[PDB]
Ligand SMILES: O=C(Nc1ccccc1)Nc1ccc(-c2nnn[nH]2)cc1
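Here you get one chain, nothing else, as structure tokens; it is the form deposited without the ligand.
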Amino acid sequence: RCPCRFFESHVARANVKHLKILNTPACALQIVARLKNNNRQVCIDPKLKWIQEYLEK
């Protein structure tokens, strides 16, 4: 049962407190963002350019 069935593409690095990469292989979406200001959790588009940057170097 994949918690992420929907993804949001309109998310910027600046909006996020942290990312949670769910250990759920088989699920297409496993990236959940805990958002700043409101503490809502939303699954994000894994294609967001900033993700690879955040998952840092």
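All residue numbers are counted from 1 along the displayed sequence.
The same protein also has a form solved in complex with the ligand, omitted here; what follows describes it.
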Pocket open vs blocked [the ligand transferred in the deposited bound form by site C-alpha superposition; 2.4 Å, backbone or C-beta, 3 atoms]: open
Taking the shortest heavy atom distance, is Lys47 within 4.5 Å of the ligand in the deposited bound form? no
Could you list the residues in 32-47 that come within 4.5 Å of the ligand in the deposited bound form, counting only heavy atoms and keeping sequence order? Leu35, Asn37, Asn38, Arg40, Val42
